[PDB]
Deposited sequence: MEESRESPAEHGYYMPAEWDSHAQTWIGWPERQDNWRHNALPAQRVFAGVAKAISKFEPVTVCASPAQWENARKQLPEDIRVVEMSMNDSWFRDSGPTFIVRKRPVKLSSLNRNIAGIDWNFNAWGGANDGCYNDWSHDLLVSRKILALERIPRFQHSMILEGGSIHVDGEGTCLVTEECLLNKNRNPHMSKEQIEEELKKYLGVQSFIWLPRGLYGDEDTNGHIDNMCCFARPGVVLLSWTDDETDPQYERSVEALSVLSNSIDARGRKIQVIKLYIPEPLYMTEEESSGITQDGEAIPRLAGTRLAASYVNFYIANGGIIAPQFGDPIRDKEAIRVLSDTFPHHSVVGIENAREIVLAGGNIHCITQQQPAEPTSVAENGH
């Protein structure tokens, strides 16, 4: 059980350089309406958008492999890999680099479908348990295994000592109930190479099924500067969570000694599951219900950082969609912002774009 700290590795920020980006492929009918064709189209657009900036590796199950290979341009690598769902942010390896056996490693955290037998999103995650090792074993990258539950969507970093997380997820009884905050914290200092932490109380409103991972709540936009899901509608259940996190962050000082500057990134108008979308879900007794009228957990903070690229959602609220793009462009002056139409199609299953990706950092030399 040696740690990454003992070998010099740590996790770099999303803005650092990447070899390529990993993405899975949707399939299960109890989570992807209409035999997943609508979401397959959006996943495929996501993978084509990211390939304009950097190489994409898509992975599809044996049954789906030919379908994904026909849909995607040949420039997108398509590899066979069995999984139980397609959120590679959370079953993907969290990659870590060493500054001086390769110069890149990846951690394979334990997984339980966002809480386990009694509070998770589905009842069988056996294939999801090998996707971590299958990716690093296909890339010939060393694997540090952890027995603690953890999802990449529940942990962010600035690449300079500050890990950003959520109490709702990390300190949840469906996660690591026998671990205190200092135990879990000590593991993250050891495995992510971090020194300090910023704990926001909860995840985004409507993310109760996954326990509120941070990438739908807040991330860093560069050092010392985080984007925060926001609303001014005081009647929305999200407003008290945004103002709460704004209080916390504005009194936060990072590991390098900087006062945190929060930029607000306004969520779209409230979005709700429709009967046309819910009735496309096949109820089989293996996944949680997807009901019309539902408050879909939808925020623009759940984008991806590719080499000089920003892959951002478009949810259909034309006013909020345009205002998120203005906000993001003002923020990554050295990247090009690209939008994904029908973002709402991967969000019906509770996630979006960052949710579906796994960056592989370029290996140092």
{"query": "Chain regions without C-alpha coordinates, deposited sequence numbering", "finding": "1-4, 105-111, 377-383"}
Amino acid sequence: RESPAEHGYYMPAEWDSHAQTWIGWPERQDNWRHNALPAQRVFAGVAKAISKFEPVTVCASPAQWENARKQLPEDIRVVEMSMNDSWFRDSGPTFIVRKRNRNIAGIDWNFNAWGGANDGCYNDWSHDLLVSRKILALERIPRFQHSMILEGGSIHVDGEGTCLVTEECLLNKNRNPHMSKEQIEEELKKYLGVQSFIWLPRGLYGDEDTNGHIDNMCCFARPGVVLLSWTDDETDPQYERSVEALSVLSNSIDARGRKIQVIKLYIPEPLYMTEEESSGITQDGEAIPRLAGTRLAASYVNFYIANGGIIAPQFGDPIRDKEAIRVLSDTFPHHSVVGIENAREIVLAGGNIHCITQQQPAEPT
From here on, numbers count along this sequence of modelled residues.
query: Stretch with the greater mean C-alpha B-factor as recorded in the entry, comparing 1-9 against 355-363; finding: 1-9
query: Of 319-327 and 25-33, the stretch whose C-alpha atoms average the higher B-factor in the entry; finding: 25-33
query: Out of 222, 133, 100, 264, residue topping the C-alpha B-factor column of the entry; finding: 100
query: Maximum C-alpha temperature factor, selected from 195, 154, 238, 110; finding: 195
query: Third of chain Cα B-factors occupied by residue 211; finding: middle
query: Where the record places residue 233 (Cα B-factor, split into thirds across the chain); finding: highest
query: Chain-relative CA temperature factor third for residue 290; finding: highest
query: Among modelled residues of the same chain, the CA temperature factor third for residue 75; finding: highest
query: Cα B factor band for residue 187 (lowest, middle or highest third within the chain); finding: middle
